[PDB]
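Heads up, the thing below is written out as structure tokens.
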Amino acid sequence: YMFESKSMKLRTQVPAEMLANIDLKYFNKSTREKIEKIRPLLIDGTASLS
Amino acid sequence: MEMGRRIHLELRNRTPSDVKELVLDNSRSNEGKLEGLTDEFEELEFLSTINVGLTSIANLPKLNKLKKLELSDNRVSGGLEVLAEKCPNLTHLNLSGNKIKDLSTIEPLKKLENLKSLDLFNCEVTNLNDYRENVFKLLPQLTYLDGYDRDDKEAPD
Amino acid sequence: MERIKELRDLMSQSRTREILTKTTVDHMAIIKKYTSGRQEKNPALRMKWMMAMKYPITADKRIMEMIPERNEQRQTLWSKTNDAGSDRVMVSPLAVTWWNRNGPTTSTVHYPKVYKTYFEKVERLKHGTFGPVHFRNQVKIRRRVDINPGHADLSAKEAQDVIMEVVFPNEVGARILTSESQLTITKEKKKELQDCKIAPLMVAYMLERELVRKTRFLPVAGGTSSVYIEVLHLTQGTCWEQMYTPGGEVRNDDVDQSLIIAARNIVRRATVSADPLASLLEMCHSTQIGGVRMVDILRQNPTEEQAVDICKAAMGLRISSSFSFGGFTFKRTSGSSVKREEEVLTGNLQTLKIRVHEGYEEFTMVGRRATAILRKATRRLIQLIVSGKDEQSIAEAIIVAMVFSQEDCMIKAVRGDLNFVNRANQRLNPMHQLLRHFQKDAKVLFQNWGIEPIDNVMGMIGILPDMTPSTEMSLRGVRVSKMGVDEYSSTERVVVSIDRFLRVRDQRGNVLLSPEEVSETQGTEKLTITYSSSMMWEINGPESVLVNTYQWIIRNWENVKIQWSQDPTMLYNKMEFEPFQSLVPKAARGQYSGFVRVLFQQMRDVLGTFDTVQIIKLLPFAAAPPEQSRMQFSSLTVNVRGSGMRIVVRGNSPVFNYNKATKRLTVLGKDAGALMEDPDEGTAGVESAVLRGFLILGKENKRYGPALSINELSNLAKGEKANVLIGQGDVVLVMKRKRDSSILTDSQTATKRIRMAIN
Amino acid sequence: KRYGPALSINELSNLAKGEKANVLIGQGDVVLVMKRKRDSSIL
Amino acid sequence: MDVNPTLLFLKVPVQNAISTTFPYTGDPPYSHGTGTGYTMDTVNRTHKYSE
């Protein structure tokens, strides 16, 4: 994912390996809802889909 | 300034029968109607009204010697039969910047068979597809549209 | 009334009468500095103490009629008291707040207009853009910078005159009533501030703040524009920086470049002339830069260049005792030197006559991209220090310094001939030729200049001959500072001597400036330049020649029109039209002349169809043998640098564009001027009542009638003479003008006569 | 070179009857041309 | 009076002028449909339909 702060005019990128344990305040309503739904599957930065 | 004062100033303490060109630029008209001009004007040959605040040319007198009429940067809209009959000898016309809807309102200008050049610019009619050719069809007598002929060649005087 | 009764009271006492009758108005402001009060030390403590009182604010008597004694809560707003020294009633801050919350209301329409500077600051901030901060070592070079954008850069005197005419209409000094140039800005402001109730002193101060220039010595590290200085606190720090851009409007002028070009042309064309001094003086006196004479700009603008400096030396003024060599402003700081002439043989078997400085001198050089210092001995380079943003700036600065040193070591290091000649094909002096040669290539000299080790210390690094940083070895006396060097702090202006060769010599016999040091680069005139001098249109070219011809025609419009109406032939044979016909092809000039002449014949034959624009357009074409022709021309060719440009006789053309709505004439885009008319009945009486063009006739005269106020002078008949109060209460007899002349042309004929007599 | 410098084919529409110019016909050669006074008609 | 290509179908049966409705006939330059949120939604829908 890519985050940007307009106030300080800064840009940063976060990998998927750190998406399992990270705050949900950065994301919007739909994205945070999707993260909530898919949280219990991410094993070693890789979801499980049987 | 107002219409009548402007016309009097242009006349230059002369009778309204020995003027071959009248310049009415940045003037004003009441109720958006032509005022001042009367039948006495019979030698005028090059008229010009720019930013005059006229709603329509409904009080134009019979300037039978009117050949180069210009109504530019104005909001004239409505029937043009008055121009067709009052001044049937128009040769050069300018309506650039006017408020005209479509060809159904510009049709009456076909009556004047001496209109060698008709100018339109920043109008609603020019938005229509194939506006140039459609107008040429509607006005066969026309030879130079927007300062250009049917084959896109500049029109020398 | 109150004022006259108070004056009578003052006159009653002996001492007040004596001071009134003795002191002249000239010294009024001197008796304004005799204050018997006592200035309050530490006014902050005094204000703290005062605010605790009941009535610490002083208001005027009229307040008794608008603000009631007590408000709803029965608090006391104003007290029946008086201040110490006047009749200012005493009121409390409660009165101020009550006035704000319940006082009568008006429209502050003029407040934005009077306060355009502050609102301009507001707008510039409101539309700005920001960027990421960066943290790094900051270098803030110190220099002079503007303060207030939006200024007209007028001299304080001109701003005072404008303010006096704008807000003090019937109290203007004699200079204005004996003045001709009614600045456009003055009329603009007079129209803007028609009905303004603001205190006139406030209006005057605000106009002064708005129309004046100001400069300050600050350390800056980024953009230097005026709009980039008002936010210097927000932009630059000791360890950080802020990306910012104002979002208003910039007013960067270009008159400086025009003056550079004008001075360069004057010097280039006068150096070859027979009498450069008097010639250049005559040119500068009769030349116009965008509608203003060049003398005012020379006296006003603080430009520093060889051409303008030599012009000042010829005219007689003070200039910096320094020379801008190789694009760098130099300045001596310590030591002394003696100039000795010598002959030097280079490494190309070329003999050059040079003049070298012998002595232990020290100089500081400030360039566009570097700053350096140089200690030089007698024909010996001792120490050189440079600091620059880029390596190329470093190299050019070091090359300039070494060529200035003029040491013998580099003489044997010259490779290739030094025969450089400027664009005018005038031989260049040896030092400039050496400078250009070493600019072209200096690797051989670097290899054979000198190499020695240097101790390592913080803040400074060496340089190898390939222009790379080094800490263990460098060139002889060559070093670079890792921190920027602050420019020179002051400049010394001294009396200098100028010879007919336009060489400026110091009082010690040495030479300071030379025309050969002037760059020969050519630019473009953003603003039109007009000359009334001799056949000096050598670098002007056709583009500017056309505009100059039209300007000359329109300046003398009255005389030209009279001649055309009465004596067309002599007007046609005028000398000034010679260059125009040069552009017109020699195979068709006769036809054009004949056509325009017959057109003028028809014009004069008919009446009531007068057209000034056509006559102005077609006059220059009637200055050649008019061979008869019958073809009715419609586009008269006008050669412009190998490009046939035509002129349409009827209607506007690219080479001659006249706008009737603005009544303004321009040629090939460049500004040309405007016509003197407004109504379509050949008169110029319709104006805004310009109150200018009056001549005094000595002290007050009783026969002419009671004195009039200046504002009511407009009713005077043509040539009628009356008594008016000018200045701060000086009644004089004035008249309207009858002869259409001015004070500028006076003494010119006698000037030339006595100049011939002396020489 | 004595006549008016090289013109453009489009500009030639403004020359008067009998006028002369130094029109650039094409390639890299300049040709002097005079505007016909008469007028040639066709059916 | 004002262009309107769709009106072609007012006389021509649509099946004839079907190529009219293929805007690109190529590889667009944006590549929309790849990332992370798309994978999130794909997994979520896959596990939702098997509720």
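For the structure tokens, the naming scheme is as follows: chains receive sequential letters (A, B, ...) according to their order of presentation, residues are indexed from 1 within each chain, and ligands are indexed from 1 in presentation order.
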DSSP-assigned strand (DSSP E) members of region 494-634 of chain C, reported as a ChimeraX atom specification: /C:494,496-498,504-506,511-513,529-531
Shell of 9 Å around residue 397 (chain C), only C-alpha atoms, local chain residues under 5 positions omitted, as a PyMOL selection string: chain C and resi 326-328+365+367+369-372+386+388+392+402
Contact residues (chain A, partner chain C, 9 Å, only C-alpha atoms) as a PyMOL selection string: chain A and resi 8-10
At a cut-off of 9 Å, can you tabulate as CSV every residue of chain D near chain C together with its closest atom pair and the distance in Å to one decimal, using only C-alpha atoms and ordering rows by chain then number?
residue,atom,partner,partner_atom,distance
D:1,CA,C:585,CA,8.3
D:2,CA,C:587,CA,5.1
D:3,CA,C:587,CA,5.2
D:4,CA,C:585,CA,5.9
D:5,CA,C:644,CA,5.2
D:6,CA,C:644,CA,6.7
D:7,CA,C:644,CA,6.7
D:14,CA,C:634,CA,7.2
D:15,CA,C:634,CA,6.9
D:16,CA,C:633,CA,5.8
D:17,CA,C:631,CA,6.4
D:18,CA,C:631,CA,6.4
D:19,CA,C:631,CA,7.2
Those residues you just picked out, can you put them in a file as a PDB file, in the first residue's frame with N, CA, C and O atoms?
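Below you can see part.pdb, which holds the result:
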ATOM      1  N   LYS D   1      16.845  41.159 -56.982  1.00  0.00           N
ATOM      2  CA  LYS D   1      16.855  41.633 -55.604  1.00  0.00           C
ATOM      3  C   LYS D   1      16.306  43.047 -55.479  1.00  0.00           C
ATOM      4  O   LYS D   1      15.906  43.450 -54.381  1.00  0.00           O
ATOM      5  N   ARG D   2      16.275  43.807 -56.575  1.00  0.00           N
ATOM      6  CA  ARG D   2      15.819  45.191 -56.500  1.00  0.00           C
ATOM      7  C   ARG D   2      14.336  45.281 -56.164  1.00  0.00           C
ATOM      8  O   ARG D   2      13.918  46.219 -55.476  1.00  0.00           O
ATOM      9  N   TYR D   3      13.531  44.334 -56.635  1.00  0.00           N
ATOM     10  CA  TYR D   3      12.104  44.352 -56.361  1.00  0.00           C
ATOM     11  C   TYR D   3      11.834  43.844 -54.946  1.00  0.00           C
ATOM     12  O   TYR D   3      12.748  43.475 -54.203  1.00  0.00           O
ATOM     13  N   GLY D   4      10.559  43.827 -54.567  1.00  0.00           N
ATOM     14  CA  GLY D   4      10.162  43.419 -53.241  1.00  0.00           C
ATOM     15  C   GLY D   4      10.674  42.032 -52.903  1.00  0.00           C
ATOM     16  O   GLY D   4      10.626  41.119 -53.732  1.00  0.00           O
ATOM     17  N   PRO D   5      11.180  41.840 -51.671  1.00  0.00           N
ATOM     18  CA  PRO D   5      11.750  40.532 -51.311  1.00  0.00           C
ATOM     19  C   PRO D   5      10.776  39.387 -51.537  1.00  0.00           C
ATOM     20  O   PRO D   5       9.592  39.612 -51.806  1.00  0.00           O
ATOM     21  N   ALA D   6      11.271  38.156 -51.430  1.00  0.00           N
ATOM     22  CA  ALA D   6      10.471  36.986 -51.768  1.00  0.00           C
ATOM     23  C   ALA D   6       9.140  37.003 -51.027  1.00  0.00           C
ATOM     24  O   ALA D   6       9.091  37.191 -49.809  1.00  0.00           O
ATOM     25  N   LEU D   7       8.062  36.805 -51.776  1.00  0.00           N
ATOM     26  CA  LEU D   7       6.713  36.811 -51.241  1.00  0.00           C
ATOM     27  C   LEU D   7       6.234  35.375 -51.031  1.00  0.00           C
ATOM     28  O   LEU D   7       6.987  34.411 -51.200  1.00  0.00           O
ATOM     29  N   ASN D  14      -3.266  39.588 -52.822  1.00  0.00           N
ATOM     30  CA  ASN D  14      -3.486  40.986 -52.477  1.00  0.00           C
ATOM     31  C   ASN D  14      -2.810  41.963 -53.431  1.00  0.00           C
ATOM     32  O   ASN D  14      -3.118  43.158 -53.383  1.00  0.00           O
ATOM     33  N   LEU D  15      -1.905  41.497 -54.291  1.00  0.00           N
ATOM     34  CA  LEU D  15      -1.241  42.396 -55.224  1.00  0.00           C
ATOM     35  C   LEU D  15      -2.253  42.999 -56.191  1.00  0.00           C
ATOM     36  O   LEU D  15      -3.202  42.337 -56.620  1.00  0.00           O
ATOM     37  N   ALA D  16      -2.046  44.267 -56.534  1.00  0.00           N
ATOM     38  CA  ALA D  16      -2.940  44.971 -57.439  1.00  0.00           C
ATOM     39  C   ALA D  16      -2.618  44.621 -58.891  1.00  0.00           C
ATOM     40  O   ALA D  16      -1.577  44.042 -59.208  1.00  0.00           O
ATOM     41  N   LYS D  17      -3.537  44.988 -59.782  1.00  0.00           N
ATOM     42  CA  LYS D  17      -3.359  44.699 -61.199  1.00  0.00           C
ATOM     43  C   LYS D  17      -2.110  45.394 -61.726  1.00  0.00           C
ATOM     44  O   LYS D  17      -1.950  46.608 -61.580  1.00  0.00           O
ATOM     45  N   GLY D  18      -1.224  44.616 -62.344  1.00  0.00           N
ATOM     46  CA  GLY D  18       0.020  45.133 -62.867  1.00  0.00           C
ATOM     47  C   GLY D  18       1.156  45.184 -61.869  1.00  0.00           C
ATOM     48  O   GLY D  18       2.287  45.499 -62.260  1.00  0.00           O
ATOM     49  N   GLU D  19       0.897  44.882 -60.601  1.00  0.00           N
ATOM     50  CA  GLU D  19       1.947  44.900 -59.597  1.00  0.00           C
ATOM     51  C   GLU D  19       2.954  43.785 -59.857  1.00  0.00           C
ATOM     52  O   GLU D  19       2.655  42.777 -60.502  1.00  0.00           O
TER      53      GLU D  19
END
Long-range neighbours of residue 1 (chain A) as number ranges by chain, 7 Å cut-off, only C-alpha atoms, 4 positions minimum in chain: A: 13-15
How about saving the chosen residues, N, CA, C and O atoms kept, as a PDB file, in the first residue's frame?
ATOM      1  N   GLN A  13       5.592   3.899   1.480  1.00  0.00           N
ATOM      2  CA  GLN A  13       5.004   2.651   1.020  1.00  0.00           C
ATOM      3  C   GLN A  13       5.209   1.578   2.077  1.00  0.00           C
ATOM      4  O   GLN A  13       6.278   1.489   2.687  1.00  0.00           O
ATOM      5  N   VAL A  14       4.176   0.768   2.290  1.00  0.00           N
ATOM      6  CA  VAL A  14       4.230  -0.316   3.267  1.00  0.00           C
ATOM      7  C   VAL A  14       4.035  -1.641   2.538  1.00  0.00           C
ATOM      8  O   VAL A  14       3.195  -1.727   1.630  1.00  0.00           O
ATOM      9  N   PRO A  15       4.778  -2.686   2.888  1.00  0.00           N
ATOM     10  CA  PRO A  15       4.611  -3.976   2.214  1.00  0.00           C
ATOM     11  C   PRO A  15       3.429  -4.752   2.783  1.00  0.00           C
ATOM     12  O   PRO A  15       2.838  -4.392   3.801  1.00  0.00           O
TER      13      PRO A  15
END
Within 12 Å of chain E: residues of chain A, using only C-alpha atoms, as a PyMOL selection string: chain A and resi 1-2+14-16+19+27-28+30-42+46-50
Those in chain B with helix (DSSP H, G or I) from DSSP, as a count of residues only: 38
Residues of chain B within 10 Å of chain D, only C-alpha atoms counted, as a VMD selection string: chain B and resid 153 to 157
Any chance you could export the current selection's C-alpha atoms as a CSV table (one decimal), in the first residue's frame?
chain,number,residue,atom,x,y,z
B,153,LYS,CA,-9.0,31.1,-48.7
B,154,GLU,CA,-8.5,34.4,-47.1
B,155,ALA,CA,-10.7,37.2,-48.6
B,156,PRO,CA,-8.7,40.2,-49.8
B,157,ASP,CA,-10.6,43.5,-50.0
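For residue 486 (chain C), the residues within 10 Å (counting only C-alpha atoms, excluding itself and residues fewer than 4 positions away along the chain) are residues 139, 140, 141, 142, 143, 219, 366, 371 and 372 of chain C.
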Spatial neighbours of region 123-129 of chain B, max dist 12 Å, only C-alpha atoms, sep filter under 4 positions, as a short mmCIF file (atom, residue, chain, number, x, y, z; two decimals) with N, CA, C and O atoms, in the first residue's frame:
data_model
loop_
_atom_site.label_atom_id
_atom_site.label_comp_id
_atom_site.auth_asym_id
_atom_site.auth_seq_id
_atom_site.Cartn_x
_atom_site.Cartn_y
_atom_site.Cartn_z
N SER B 72 -21.55 43.72 -33.73
CA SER B 72 -20.58 42.82 -33.14
C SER B 72 -20.54 43.01 -31.63
O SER B 72 -20.87 44.08 -31.11
N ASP B 73 -20.14 41.94 -30.93
CA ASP B 73 -19.98 41.97 -29.48
C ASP B 73 -21.25 42.47 -28.80
O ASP B 73 -21.21 43.30 -27.89
N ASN B 74 -22.40 41.97 -29.25
CA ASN B 74 -23.69 42.37 -28.72
C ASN B 74 -24.53 41.13 -28.48
O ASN B 74 -24.08 40.00 -28.69
N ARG B 75 -25.76 41.34 -28.02
CA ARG B 75 -26.68 40.26 -27.67
C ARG B 75 -27.96 40.34 -28.50
O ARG B 75 -29.07 40.21 -27.98
N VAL B 76 -27.82 40.56 -29.80
CA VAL B 76 -28.97 40.66 -30.69
C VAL B 76 -29.51 39.26 -30.97
O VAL B 76 -28.76 38.36 -31.36
N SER B 77 -30.81 39.08 -30.77
CA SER B 77 -31.46 37.81 -31.07
C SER B 77 -32.93 38.08 -31.38
O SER B 77 -33.57 38.91 -30.74
N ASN B 94 -21.59 41.73 -40.22
CA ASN B 94 -20.81 41.18 -39.12
C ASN B 94 -21.73 40.98 -37.92
O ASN B 94 -22.34 41.94 -37.45
N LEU B 95 -21.82 39.74 -37.44
CA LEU B 95 -22.59 39.41 -36.25
C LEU B 95 -21.74 38.69 -35.21
O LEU B 95 -22.27 37.97 -34.36
N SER B 96 -20.42 38.87 -35.26
CA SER B 96 -19.52 38.15 -34.37
C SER B 96 -19.89 38.41 -32.91
O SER B 96 -20.14 39.56 -32.51
N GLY B 97 -19.92 37.35 -32.12
CA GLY B 97 -20.21 37.46 -30.71
C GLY B 97 -21.67 37.61 -30.36
O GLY B 97 -21.98 37.83 -29.18
N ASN B 98 -22.57 37.51 -31.33
CA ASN B 98 -23.98 37.70 -31.07
C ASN B 98 -24.60 36.45 -30.44
O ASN B 98 -23.96 35.41 -30.31
N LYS B 99 -25.86 36.58 -30.03
CA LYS B 99 -26.61 35.49 -29.41
C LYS B 99 -27.65 35.01 -30.42
O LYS B 99 -28.72 35.61 -30.57
N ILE B 100 -27.33 33.92 -31.11
CA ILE B 100 -28.21 33.32 -32.12
C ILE B 100 -28.27 31.83 -31.86
O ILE B 100 -27.25 31.19 -31.61
N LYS B 101 -29.48 31.27 -31.93
CA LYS B 101 -29.68 29.87 -31.54
C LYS B 101 -29.28 28.91 -32.65
O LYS B 101 -28.34 28.11 -32.48
N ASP B 102 -29.96 28.96 -33.79
CA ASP B 102 -29.74 28.00 -34.86
C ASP B 102 -30.09 28.66 -36.19
O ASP B 102 -30.44 29.84 -36.25
N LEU B 103 -30.00 27.87 -37.26
CA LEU B 103 -30.20 28.40 -38.61
C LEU B 103 -31.64 28.84 -38.85
O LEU B 103 -31.88 29.64 -39.76
N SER B 104 -32.60 28.33 -38.08
CA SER B 104 -33.99 28.73 -38.29
C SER B 104 -34.17 30.22 -38.08
O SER B 104 -35.11 30.82 -38.63
N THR B 105 -33.29 30.85 -37.30
CA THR B 105 -33.35 32.29 -37.07
C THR B 105 -32.45 33.08 -38.01
O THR B 105 -32.68 34.27 -38.21
N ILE B 106 -31.43 32.44 -38.59
CA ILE B 106 -30.57 33.10 -39.56
C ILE B 106 -31.06 32.92 -40.99
O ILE B 106 -30.46 33.47 -41.92
N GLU B 107 -32.14 32.16 -41.19
CA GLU B 107 -32.68 31.99 -42.54
C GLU B 107 -33.07 33.30 -43.21
O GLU B 107 -32.77 33.46 -44.41
N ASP B 119 -20.09 37.28 -41.43
CA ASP B 119 -19.14 36.92 -40.39
C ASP B 119 -19.88 36.48 -39.13
O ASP B 119 -20.78 37.19 -38.66
N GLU B 133 -20.64 24.61 -44.14
CA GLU B 133 -21.28 24.16 -45.37
C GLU B 133 -22.80 24.32 -45.30
O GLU B 133 -23.44 24.66 -46.30
N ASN B 134 -23.39 24.07 -44.13
CA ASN B 134 -24.83 24.24 -44.01
C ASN B 134 -25.23 25.69 -44.23
O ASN B 134 -26.23 25.98 -44.91
N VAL B 135 -24.47 26.63 -43.66
CA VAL B 135 -24.76 28.05 -43.87
C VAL B 135 -24.57 28.41 -45.34
O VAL B 135 -25.39 29.12 -45.93
N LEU B 145 -17.39 33.29 -45.77
CA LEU B 145 -17.92 33.08 -44.43
C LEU B 145 -16.79 33.19 -43.42
O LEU B 145 -15.75 32.55 -43.57
N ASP B 146 -17.00 34.01 -42.39
CA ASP B 146 -15.99 34.23 -41.36
C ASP B 146 -14.67 34.65 -41.98
O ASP B 146 -13.59 34.20 -41.58
N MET E 1 -28.19 17.18 -36.94
CA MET E 1 -27.43 18.46 -36.96
C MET E 1 -26.19 18.34 -36.08
O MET E 1 -25.14 18.89 -36.41
N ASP E 2 -26.33 17.63 -34.97
CA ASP E 2 -25.22 17.32 -34.08
C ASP E 2 -24.94 15.82 -34.16
O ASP E 2 -25.86 15.01 -34.04
N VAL E 3 -23.68 15.47 -34.37
CA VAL E 3 -23.28 14.09 -34.62
C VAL E 3 -23.84 13.19 -33.53
O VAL E 3 -23.96 13.59 -32.37
N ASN E 4 -24.18 11.95 -33.90
CA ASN E 4 -24.75 10.97 -32.98
C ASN E 4 -24.57 9.58 -33.58
O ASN E 4 -25.53 9.03 -34.14
#
Contact set, chain C to chain B: 9 Å, only C-alpha atoms, as a list in words: residues 661, 679, 680 and 681 of chain C
Store the residues picked out above in a file with N, CA, C and O atoms, as a compact mmCIF listing (two decimals), in the first residue's frame.
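This is the output file result_4.txt:
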# COMPACT_ATOMS: atom_id res chain seq x y z
N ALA C 661 -10.24 52.05 -29.91
CA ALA C 661 -10.85 52.00 -28.59
C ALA C 661 -9.93 52.61 -27.54
O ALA C 661 -10.37 53.40 -26.70
N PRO C 679 -12.54 63.80 -28.93
CA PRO C 679 -13.77 63.95 -29.72
C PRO C 679 -13.49 63.95 -31.21
O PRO C 679 -12.39 64.25 -31.68
N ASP C 680 -14.53 63.60 -31.97
CA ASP C 680 -14.43 63.49 -33.43
C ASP C 680 -14.73 64.82 -34.11
O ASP C 680 -15.59 64.91 -34.99
N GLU C 681 -14.11 65.89 -33.58
CA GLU C 681 -14.29 67.30 -34.04
C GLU C 681 -13.00 68.12 -33.84
O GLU C 681 -13.11 69.29 -33.43
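The coordinates place CA of residue 700 (chain C) at 25.9 Å from CA of residue 6 (chain C).
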Can you pull out every residue within 6 Å of region 61-63 of chain B, counting only C-alpha atoms, but drop anything in the same chain fewer than 6 positions away, and send it as a PDB file with N, CA and C atoms, in the first residue's frame?
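To be explicit, this is the file written out as result_26.pdb:
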ATOM      1  N   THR B  38     -32.742  57.742 -37.824  1.00  0.00           N
ATOM      2  CA  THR B  38     -34.002  58.074 -38.473  1.00  0.00           C
ATOM      3  C   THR B  38     -33.821  57.995 -39.984  1.00  0.00           C
ATOM      4  N   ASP B  39     -34.908  58.268 -40.709  1.00  0.00           N
ATOM      5  CA  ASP B  39     -34.888  58.185 -42.164  1.00  0.00           C
ATOM      6  C   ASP B  39     -33.967  59.221 -42.798  1.00  0.00           C
ATOM      7  N   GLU B  42     -29.336  58.947 -45.301  1.00  0.00           N
ATOM      8  CA  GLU B  42     -29.497  58.343 -46.616  1.00  0.00           C
ATOM      9  C   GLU B  42     -28.196  58.234 -47.397  1.00  0.00           C
ATOM     10  N   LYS B  86     -35.836  46.569 -44.434  1.00  0.00           N
ATOM     11  CA  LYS B  86     -35.449  47.961 -44.228  1.00  0.00           C
ATOM     12  C   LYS B  86     -34.182  48.304 -45.000  1.00  0.00           C
ATOM     13  N   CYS B  87     -33.207  47.398 -45.010  1.00  0.00           N
ATOM     14  CA  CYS B  87     -31.931  47.601 -45.695  1.00  0.00           C
ATOM     15  C   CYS B  87     -31.706  46.417 -46.623  1.00  0.00           C
TER      16      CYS B  87
END
Shell around residue 150 (chain B) at 9 Å using only C-alpha atoms, local window under 6 positions removed, as a VMD selection string: chain B and resid 132 to 133 136 143 to 144
